[PDB]
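Worksheet: one structure, shown below.
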Amino acid sequence: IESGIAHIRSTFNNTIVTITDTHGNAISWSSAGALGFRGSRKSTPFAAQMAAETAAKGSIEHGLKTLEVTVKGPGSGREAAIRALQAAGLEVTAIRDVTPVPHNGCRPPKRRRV
Amino acid sequence: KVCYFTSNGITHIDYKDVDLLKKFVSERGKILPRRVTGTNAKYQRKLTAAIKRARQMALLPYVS
Amino acid sequence: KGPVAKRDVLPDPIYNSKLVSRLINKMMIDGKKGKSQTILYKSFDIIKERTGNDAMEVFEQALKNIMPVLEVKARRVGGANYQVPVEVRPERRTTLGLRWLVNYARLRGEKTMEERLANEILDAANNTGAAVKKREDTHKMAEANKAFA
RNA sequence: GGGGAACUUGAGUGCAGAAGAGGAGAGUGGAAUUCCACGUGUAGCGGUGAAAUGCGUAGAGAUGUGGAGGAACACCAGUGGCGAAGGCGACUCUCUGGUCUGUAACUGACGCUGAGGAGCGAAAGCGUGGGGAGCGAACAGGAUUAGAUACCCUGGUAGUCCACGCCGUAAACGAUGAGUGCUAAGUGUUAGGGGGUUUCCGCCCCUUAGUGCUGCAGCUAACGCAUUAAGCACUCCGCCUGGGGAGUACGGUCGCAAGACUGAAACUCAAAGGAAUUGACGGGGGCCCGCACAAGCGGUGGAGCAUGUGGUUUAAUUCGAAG
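Protein chains in written order, with the deposited numbering: chain K, 18 to 131; chain R, 14 to 77; chain G, 4 to 152.
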């Protein structure tokens, strides 16, 4: 148990962080909802900092050290969890900018004002 | 500002030859537009059709 | 509009130890001269008797134990009235600490003002004052809402 | 006008080329979304201005494999291209339409417009059989609110999709009918052609057909238009005659229906309108000030008393004052 992927969902509402095995078996995960930031306080970079660092601290009990991280979706957690993971002391190789953009996909929901 | 295809006067694409399409596709997999390529207008459409048939033929990737 | 600041009631310039500084000037936020300074001197003395050491030393130790570093201000953004904490400038720091010192000095309620301020000096030198209490209150609430910025 | 003989510019046929999301039919590919099965995995996910309803310990969300399925074709992409219009963007094939350049190899005015008529004709809807991933009128709950049949949240039906018929309407707009000729220029841009350079790389000068932006003359009430005229002229069609009543009534003609077309009057008003100017206002924008707000201090309204005022009363409580 020495390496894997960090999956971070940054949303307008919440920030999620999850560590996993290189072949996809999850060990630990966290979010501002887990740390008690409730409402729309879940979207601040500070809660992204805290959730990312506490998930990194939960990574120790199986002892992975080197890491690559996939940032998922837009928001203030796009860089906050990145700096938190880098400052947590665990080695990160690179970040990945994969977004689930389709070619077209289904039509989105209605324009959210009218 | 230099159009590659008029620069050496090369005729139609011959889609089986690929290495020029390699440096006409972005490293993440999308087509470079005329703002960076600077090709002539009438060749850009046969270019994008060529890389489309390459993508269906799976020599050039949809995403990378 | 335009930020301005000004000196008030500073003591004599040379050899200004803080004990002679507040012996001849300074603090005096109780009202008018007369029944503001006399009483302050009496409070200052009734603690030399209590602890046989330097009155100004324990006084600035009390001030130090009162000193905050975080203070929160409210914001109108959002319909939920968020509040944002900022770093306190040192002049604001000292005047605000002295403000809470004097207000629960008069609030703490003993039989007379000199023993009131004297017990406040003791209870701010040690960390068992109402002003120390509210200091940690704003400190912990600023630490609670520190996520915003 | 009628008849007869001409001619090739108008209109055309050939020949050589070019470009196109033009159309009909068939097949194929990829990214995601959803759902399901399993591995890992704990305690929330999701959502908004706050929130709440929902989904989750029956293991959710997260995460990786592997399927199922339907949908639309990222980038290309361009006030680009095509089509008469509505409209047409993944790829491959079959069939098929149309446009433009050169060419004068052939006909010799075969042209224009068009009432009626005929055919196409966005979306929504209707009929029959399919299909139904997401979305999503109706509807459900939760919010918001004085109230909220809405805006907001979570769901969610018809439909959206396919085949075959029907409806035949939109701000179906360039709010500009079609054809023809003339009239300063400048600058892009599409698809072609020609000349000098070389017949290269690409330079210049012409050149048709579009396609944008400027801009004379001229025109307009002004806005503005201006070789893609709202200028100058000619032909042919359609239409208007104050606002309502009213695209309603009646009667015909279609339609399965919803409705569509044709289309009065009575009565009533003295206006309704277009373009522009100055102001004002804006839960429009850009700067600035004022104990305007902030930072603080002391107060009022809680108590008594003084005084003014309202109300009530008296014989009169003298009149005037009113954000």
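Beta carbons are placed, not taken as given, at the ideal position from N, Cα and C, and that holds for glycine.
Residue environment: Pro93/G is assigned as exposed (fewer than 16 neighbouring CB atoms within 10 Å of its CB, all protein chains considered).
Residue state for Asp27/R is assigned as coil, using DSSP reduced to three classes. Under the Cβ criterion of 8 Å, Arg58/K is counted among the residues facing chain G. For chain G, none of the residues of the stretch 74 to 106 of chain K brings a beta carbon within less than 7 Å of one of its beta carbons.
Pairing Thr32/K with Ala65/K gives a Cβ-Cβ distance under 8 Å.
The CB of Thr61/K comes closer than 7 Å to the CB of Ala150, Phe151 in chain G, given here in chain order. Shown here, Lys89/K sits in a strand according to DSSP, grouped into three states.
Per the Cβ contact rule, the stretch 67 to 74 of chain R is not in contact with the stretch 16 to 31 of chain G (fewer than 3 Cβ pairs under 8 Å). The DSSP-derived three-state label of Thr50/R is helix. Burial is judged here by how many other beta carbons sit within 10 angstroms of a residue's own beta carbon; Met67/K has at least 16 and is buried. One alpha carbon belongs to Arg68/R, the other to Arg78/G, and they sit about 54 Å apart. The beta carbon of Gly75/K lies closer than 6 Å to those of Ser45 in the same chain, with the five residues before and after it left out. By the Cβ test, the stretch 128 to 135 of chain G is in contact with the stretch 98 to 112 of chain G, since at least three Cβ pairs between them sit closer than 8 Å. Secondary structure in the stretch 67 to 125 of chain K: the alpha helix (DSSP H) runs of 4 residues or longer, each lying completely within the stretch, are 94 to 104 in chain order. Under the 8 Å criterion on CB atoms, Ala68/K is classed as non-interfacial with respect to chain G. Of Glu19/K, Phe29/K, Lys59/K, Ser27/K, the smallest CA-CA separation from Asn148/G is found for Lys59/K. For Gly21/K, the enclosing beta strand (DSSP E) starts and ends at 20 to 27. Residue contact check for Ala64/K against chain G: a CB pair falls below 8 Å. Counting along the chain, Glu94/G sits inside no beta strand (DSSP E); it lies in the alpha helix (DSSP H) bounded by residues 93 to 110.
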